[PDB]
């Protein structure tokens, strides 16, 4: 159907349809999945093939995603330290997951917010705006710069 975008060598971004292609996940050495939704299934759980973390969030104007940054950053590096890839997904438009990737690219690549967004948008061209998440990523940049 569709293709889950490599952002880093171990970090992939996709929507809900991308996360249901089991064969591409096995092909890419994916062993970790972050599902940034409250309501979807963890798509291949009963198969016993992957480590999962759910971030139960909505694509809304009131949703806090900063709370999950540090928890999500650990799961990404555990996949890195163990040499397996990680897929982080939500749904079409990937607003919630892209926020998390962008936060990771700021914290662990010392990119600026806007340059991290430009980077992600280059590899993954359709990303729905959400000003609430933007404001969170701005206040995360400042906290990261002024001693987080």
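Residue numbers count along the first chain shown, from 1.
- Note on 9-17 vs 125-133: mean CA B-factor is higher in 9-17.
- Once the C-alpha B-factors are averaged per stretch, 91-99 and 45-53 rank with 45-53 first.
- Remark: of 58, 35, 112, 67, 112 shows the highest value [criterion: C-alpha B-factor in the PDB entry].
- Split the chain's modelled residues into thirds by C-alpha temperature factor. Residue 62 is in the middle one.
- Split the chain's modelled residues into thirds by C-alpha temperature factor. Residue 39 is in the lowest one.
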